[PDB]
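Trainee: Take a look at the following structure, please.
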Amino acid sequence: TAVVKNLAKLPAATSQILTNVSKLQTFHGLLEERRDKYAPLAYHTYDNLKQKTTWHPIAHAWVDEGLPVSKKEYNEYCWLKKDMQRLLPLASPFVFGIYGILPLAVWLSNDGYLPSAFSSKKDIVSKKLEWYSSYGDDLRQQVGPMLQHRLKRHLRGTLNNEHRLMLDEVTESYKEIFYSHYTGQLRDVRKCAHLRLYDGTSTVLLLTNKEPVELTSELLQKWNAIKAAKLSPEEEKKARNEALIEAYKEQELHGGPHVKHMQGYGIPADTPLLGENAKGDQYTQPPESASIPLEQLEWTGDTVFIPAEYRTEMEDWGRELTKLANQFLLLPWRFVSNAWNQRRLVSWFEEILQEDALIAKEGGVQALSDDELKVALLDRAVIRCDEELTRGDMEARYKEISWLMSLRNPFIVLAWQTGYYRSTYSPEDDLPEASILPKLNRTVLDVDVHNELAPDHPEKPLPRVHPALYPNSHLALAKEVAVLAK
Amino acid sequence: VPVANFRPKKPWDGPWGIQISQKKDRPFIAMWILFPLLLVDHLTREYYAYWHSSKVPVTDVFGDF
Amino acid sequence: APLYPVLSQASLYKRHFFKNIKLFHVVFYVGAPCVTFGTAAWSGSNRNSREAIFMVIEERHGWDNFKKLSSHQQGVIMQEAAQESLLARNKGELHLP
Amino acid sequence: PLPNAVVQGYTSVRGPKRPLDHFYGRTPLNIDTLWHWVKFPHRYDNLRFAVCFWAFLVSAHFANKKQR
Amino acid sequence: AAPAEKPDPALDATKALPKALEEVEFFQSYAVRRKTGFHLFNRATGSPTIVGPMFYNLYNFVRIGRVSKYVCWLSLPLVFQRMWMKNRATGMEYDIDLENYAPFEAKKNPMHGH
Amino acid sequence: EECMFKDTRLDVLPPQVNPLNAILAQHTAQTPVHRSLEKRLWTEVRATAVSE
Amino acid sequence: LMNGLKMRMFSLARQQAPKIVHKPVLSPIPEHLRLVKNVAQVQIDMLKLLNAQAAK
Ligand SMILES: CCCCCCCCCCCCCCCC(=O)OC[C@H](COP(=O)(O)O)OC(=O)CCCCCCCCCCCCCCC
Ligand SMILES: CCCCCCCCCCCCO[C@@H]1O[C@H](CO)[C@@H](O[C@H]2O[C@H](CO)[C@@H](O)[C@H](O)[C@H]2O)[C@H](O)[C@H]1O
Ligand SMILES: COCCOCCOCCOc1ccc(C(C)(C)CC(C)(C)C)cc1
Ligand SMILES: COCCOCCOCCOc1ccc(C(C)(C)CC(C)(C)C)cc1
């Protein structure tokens, strides 16, 4: 059996395990050295009940744009971290005793339970693909549908209360995202982004020496322009503060930031003066910063991200949905609080984002091989190994989930992913019949990400317009055209 | 080329539907055997103590006595 | 070409007998023997008259001597005791505490 | 006293009930359809009379002999 | 806080009493009887009784039973058993000595406890 | 309440509206007229380019 | 129906096989396919005409 087959290589595996640990240590040293000087401090925050930490990718998932590393080396780093996780049963004899070897036997039985050293293959891509096709796709194909049901029933709620919880504008998008295995039609990712309508407006308060200011597209554009001009800091800070005071005045005219009038958040007013401390009509005591003139408005370098996820937030998910989200992504899930699984999911998210950045540096998706792209999509959990897709479909799938993960929301990501793991079995042998049409093919051009899509009204869905049919599409799609024709 | 979103059954797909039906009707079958057993357990019973009883039925569970 | 263990028509015909029960089909059909031969009517009357009978016997005659007598005289004394208890001359002819 | 949902059996939507199977070509088999197979005893009634007589007589014989 | 939910008719109460009256009407429909063979002893005034004219319905339903109509009568001989034994006991002759030594359920008997 | 015991798919069909019309209309509204007249030149010059 | 009477008559006969009733099933698949046919024929006529123009 596999037990003795793995015991045969267990002596040959310890050397590779220690070598891999050394590689992991070196890579983590490099990555942390870069992170400790280029990355900001993502402070720890506790949930609404204030007992366990909560995690979001916008603050905690940092991407080192400028990491001098090959994509395969980062794949090795992540895979060896997972191998360190898989090495945990070696501690069982050192806590239970000499009779703690039967867990080690169960570990050595299945090769999917084991780290890379027990594999005969050499390349990290082939090793990863072997592990997936042997154990991981099967393990994932039995969690996808149930996770999808949990996400649905998280939105619509329990006990026949859909009229109180669901929205009538996300209805057709909800149907297309969650019930397209009935129709057999492809899905548009923008219809999954429409699920964010359940949430509120995500804001970003920049903290100044006077007041917090809400970030906008205009202020961000101006800051990017100043950053691109490469000016002296005496001019850079001046222009930044000019844009900042302009935005401050703009929001003060708007009626304050959006956060002042949102349930669960708020900016306090001026403090009150109690009793005899009240000096006639002045019932308030303004803060110290009121003395500072507004022309001295300077950014503190501190930021506050407020996703306003009233229905999507990972805290309200539950003990079960978090575990299934980590199962479906082939992450550790057992015997831990939802905070720790939240961190694990956010770390997976960060890994995928860094890998996307390195892929874009390496020349996009088309520079990758077929097995490498297959393995990337397997890591993203959008492909199962019993499909045998084309290259264009794989590229479109990558583009889809990459844009969806750029938005930093795990719920819609999982909703998208679980749609690719809804497979049925027929009770008859003749049916399903052999098809007559060719295999499904697509291209990167067929994916519409560069355009906005309004939510279709309930029971009035509209057909899909190809991006090529839009005006001036040959100019907008020129990058993809140059990448594909070459 | 085959049709998509279709596959052969696997062990983790659980039993078929007819097997689930066979699971469901097992209580309904044991009902016919257990209700007569209930009536027999009540009807073929004898009280355990009387005004004259010097002893009472004892049941050593673990044989410690 | 069904890939599942197809169940015969007669097996379904037999299982339908077991799963096509309604609530009243159990309630009344099992309550009639139960109410008749239960703690209310027959079993209760028997088993609760026995207690009074043997109380009277062990008080008046003794259980060992009663065991020594014949089944006929046993039944005679049992009937006398049952009458003494049903009468309840001391409770004012009332089976209450 | 009770809401209409409890009376009609549904809160919002009336769910379809799967009808009862019939098993065409044969009699229904239910707890109430068993008299088709089991009628009251009618074949051995006169034998019942005879056996009751003989049982009474033999019991009386052996009981009287035991008693005497 | 201010959800503005429309009224749900399923939460109303406009079907329970009609349904109960439908059940009672189905019950009373089986009280319909023919004129032939009809007899009911009325009261001495000539007015009908209460239980009298609602026996045909009950026994028309007993007719439809399958098991209770042949079983629930087997507890009835026990009533006559009591009727007979009570009269046997009303005048049963007993020994004075045993009644004074072993009175049944008499108070202040220390052998009982009180 | 008897929604399950009906077939109202015909009462509610998907509309035959082309969303492209809403897109092209927003395209013309944003552009000026001289660019519209220019497109007649871009098309005409493309015809002569294919001719030569 | 009779003079002074109305009645309900039920037959007594075993049903050996089920009774069939043609209730036509509404489905959009045939019209889907016919729409595909019509659109494809439009494009085919278009291609034939364009080929005739480009070659003639
Ligand atoms: C003077 C004596 C009284 C008068 C004359 C004798 C009585 C004559 C009347 C008829 C005979 C009455 C019998 C009395 C027996 C008795 O005492 O009844 C009480 C006894 C128990 O008494 P004890 O436990 O004290 O010995 O129980 C029995 O006799 C067992 C009877 C079994 C009945 C089963 C009926 C099943 C009906 C089918 C229902 C199917 C539905 C599913 C359910 C499984
Ligand atoms: C009158 C004084 C105030 C007290 C009022 C409340 C009295 C309640 C006691 C009477 C309860 C009767 O309970 C009755 O149970 C039956 C179960 O067969 C329910 O029946 C319901 O459920 C069944 C299935 O279970 C459905 O198929 C059916 O359509 C529906 O009526 C009735 O809706 C309910 O009315
Ligand atoms: C005032 O009311 C007195 C009537 O109460 C009689 C109590 O009956 C006990 C249970 O009786 C039944 C039996 C069957 C049922 C039905 C037929 C509704 C059972 C069902 C739901 C399985 C068809 C309902 C009640
Ligand atoms: C589950 O709910 C059903 C319970 O219904 C029980 C109703 O019980 C009352 C029936 O008793 C009667 C009362 C009157 C009558 C008849 C006497 C209606 C009056 C008549 C025949 C003279 C018109 C018949 C039966």
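Here's how to read the names in the structure tokens: chain A, B, ... by the order shown, residue numbers from 1 in each chain, ligand numbers from 1 in the order shown.
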I want to know what sits within 6 Å of region 14-28 of chain D, based on only C-alpha atoms, with residues of the same chain fewer than 6 positions away left out; could you give that as a compact mmCIF listing (two decimals) with N, CA and C atoms, in the first residue's frame?

Mentor:
# COMPACT_ATOMS: atom_id res chain seq x y z
N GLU F 1 -50.46 32.46 -3.42
CA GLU F 1 -50.21 31.27 -2.61
C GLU F 1 -50.13 30.02 -3.48
N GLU F 2 -50.80 30.01 -4.62
CA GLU F 2 -50.80 28.89 -5.55
C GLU F 2 -49.83 29.12 -6.71
N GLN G 16 -56.26 -1.57 -15.07
CA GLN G 16 -55.06 -2.38 -15.27
C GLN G 16 -53.86 -1.53 -15.65
N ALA G 17 -54.07 -0.46 -16.39
CA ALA G 17 -53.03 0.43 -16.87
C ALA G 17 -53.47 1.87 -16.66

Trainee: With DSSP run on the backbone, what are the alpha helix (DSSP H) residues within chain F? I'd like them as a VMD selection string.

Mentor: chain F and resid 19 to 30 33 to 51

Trainee: Report, in Å to a single decimal, how far apart CA of residue 469 (chain A) and CA of residue 24 (chain F) are.

Mentor: 9.8 Å

Trainee: Record the distance separating atom 31 (C, counted along the ligand's line) of ligand 1 and CA of residue 29 (chain D), expressed in Å with one decimal.

Mentor: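 Separating atom 31 (C, counted along the ligand's line) of ligand 1 from CA of residue 29 (chain D) is a distance of 26.6 Å.
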
Trainee: Pick out the residues sitting within 9 Å of residue 93 (chain A), and hand them over as a list in words; count only C-alpha atoms, and ignore anything fewer than 5 positions along from it in its own chain.

Mentor: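 Residues meeting the cut-off are residues 98, 99, 100, 101, 103 and 104 of chain A.
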
Trainee: Output N, CA, C and O atoms for every residue in that selection, as a PDB file, in the first residue's frame.

Mentor:
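Listed below is the output, part.pdb:
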ATOM      1  N   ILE A  98       5.135   7.099  22.762  1.00  0.00           N
ATOM      2  CA  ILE A  98       5.535   6.165  21.715  1.00  0.00           C
ATOM      3  C   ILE A  98       4.319   5.584  21.010  1.00  0.00           C
ATOM      4  O   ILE A  98       4.404   5.173  19.847  1.00  0.00           O
ATOM      5  N   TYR A  99       3.174   5.535  21.689  1.00  0.00           N
ATOM      6  CA  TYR A  99       1.934   5.104  21.057  1.00  0.00           C
ATOM      7  C   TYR A  99       1.313   6.181  20.179  1.00  0.00           C
ATOM      8  O   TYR A  99       0.251   5.939  19.595  1.00  0.00           O
ATOM      9  N   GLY A 100       1.948   7.346  20.052  1.00  0.00           N
ATOM     10  CA  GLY A 100       1.507   8.370  19.127  1.00  0.00           C
ATOM     11  C   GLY A 100       2.129   8.215  17.756  1.00  0.00           C
ATOM     12  O   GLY A 100       2.482   9.205  17.109  1.00  0.00           O
ATOM     13  N   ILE A 101       2.262   6.966  17.308  1.00  0.00           N
ATOM     14  CA  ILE A 101       2.805   6.652  15.999  1.00  0.00           C
ATOM     15  C   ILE A 101       1.714   6.233  15.022  1.00  0.00           C
ATOM     16  O   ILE A 101       1.904   6.356  13.806  1.00  0.00           O
ATOM     17  N   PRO A 103      -1.151   7.879  14.533  1.00  0.00           N
ATOM     18  CA  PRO A 103      -1.405   9.088  13.735  1.00  0.00           C
ATOM     19  C   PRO A 103      -0.363   9.320  12.662  1.00  0.00           C
ATOM     20  O   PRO A 103      -0.700   9.758  11.558  1.00  0.00           O
ATOM     21  N   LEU A 104       0.903   9.031  12.958  1.00  0.00           N
ATOM     22  CA  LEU A 104       1.946   9.175  11.953  1.00  0.00           C
ATOM     23  C   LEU A 104       1.758   8.170  10.823  1.00  0.00           C
ATOM     24  O   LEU A 104       2.039   8.480   9.659  1.00  0.00           O
TER      25      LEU A 104
END

Trainee: Residues within 6 Å of ligand 3 (only C-alpha atoms and all ligand atoms), as a PyMOL selection string?

Mentor: chain C and resi 22-24

Trainee: Dump N, CA and C atoms for the selected residues as an mmCIF file, in the first residue's frame?

Mentor:
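Wrote it out as out_38.cif, contents follow:
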data_model
loop_
_atom_site.group_PDB
_atom_site.id
_atom_site.type_symbol
_atom_site.label_atom_id
_atom_site.label_comp_id
_atom_site.auth_asym_id
_atom_site.auth_seq_id
_atom_site.Cartn_x
_atom_site.Cartn_y
_atom_site.Cartn_z
ATOM 1 N N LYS C 22 -51.335 6.516 8.381
ATOM 2 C CA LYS C 22 -51.727 7.825 8.875
ATOM 3 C C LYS C 22 -51.701 7.819 10.395
ATOM 4 N N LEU C 23 -51.840 9.009 10.975
ATOM 5 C CA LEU C 23 -51.709 9.144 12.420
ATOM 6 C C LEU C 23 -52.834 8.422 13.147
ATOM 7 N N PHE C 24 -54.074 8.598 12.687
ATOM 8 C CA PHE C 24 -55.200 7.943 13.342
ATOM 9 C C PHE C 24 -55.096 6.428 13.252
#
